[PDB]
Every structure is written in C-alpha cells, then in structure tokens.
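In the form solved without the DNA, a lone chain appears below as structure tokens.
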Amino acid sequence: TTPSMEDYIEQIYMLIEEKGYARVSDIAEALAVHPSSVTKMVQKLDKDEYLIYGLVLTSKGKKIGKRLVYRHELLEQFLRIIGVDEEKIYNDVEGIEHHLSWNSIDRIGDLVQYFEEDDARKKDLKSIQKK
C-alpha cells in the first residue's frame, strides 16, 4: 500500500461516487498524470485485487477507498480547525496523509471531535494565535 497506490484508490472511489463510474481517462486528468502511468497502477490494483475491469472496486477496494476518503477529509478538517490558510490545506493533506499511522489518525479524530463539540475551545485556540 504505497502513497501512489493510495492516491489512485482514493481518486477512483471518489469518481465512482461522483459520476457512478471511473474511466482511465478521468483518473489521468484528476491526478495530472499520463494514461500509461494509470494503466500500470490499474493493473497492479487489479492484481492486488482492489478492483476489476469500466473500473469497478472490489469489497476490498471499497473498504480501503472509503477509509482513504475519510482520512483525507479528517485531515483537512484538522488543519482547518487549527487555523491553517484554506488555500494551503489541500496540498499539505495530500502529502501528509500517506505518512500517518492509523493510531495517529485515530488521535487526530479525537482532537477534531474535541474542538467540534464545544466552540469555546475553538475561541480559546484562536486567542493563542492572536498573541
């Protein structure tokens, strides 16, 4: 499960949910890569049984894809809550998402919940930045 493989699974999952299907051409455009690079990964994803062949995810691929989408969203919410400039959030998440253990993701989930459940906490955090 490499970072690249994860980016592909996350994108395929999102396209299926968005359009109802995922074409190699839409993946190439979404990730800004050459279609041959897409064909190579797709074959690896099929061999590793994450999907079949247009592109259809297996239960294995769907489970991981849902987790990857959840992880990405959680991390954007994390950086957003702590005050990171919105414009910078996507690129940072795209890079760090692949290097956090599930344990760290669980704890970041708790941290997000901590601030989401009581706005007063968000206000107090903001006060720190103000200094």
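Residue positions are given as counts along the sequence shown, with the first one as 1.
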item: Between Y90 and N91 - deposited residues without coordinates, as a size class; value: none
item: 39 to 47 set against 71 to 79, stretch whose average Cα temperature factor tops the other in the entry; value: 39 to 47
item: Mean C-alpha B-factor comparison - 103 to 111 and 10 to 18, higher one; value: 10 to 18
item: CA B-factor placement of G54, once the chain's modelled residues are sorted into thirds; value: highest
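There is also a form solved in complex with the DNA; it is not shown, and the following applies to it.
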| item | value |
| --- | --- |
| Contact check for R71, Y90 and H98 against the DNA in the deposited complex, heavy atom at 4.5 Å | no |
| Residue stretch of 77 to 85, 34 to 42, 98 to 106, 56 to 64 approaching the DNA in the deposited complex, non-hydrogen atom distance within 4.5 Å | 34 to 42 |
| The DNA contact in the deposited complex: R23, any heavy atom under 4.5 Å | yes |
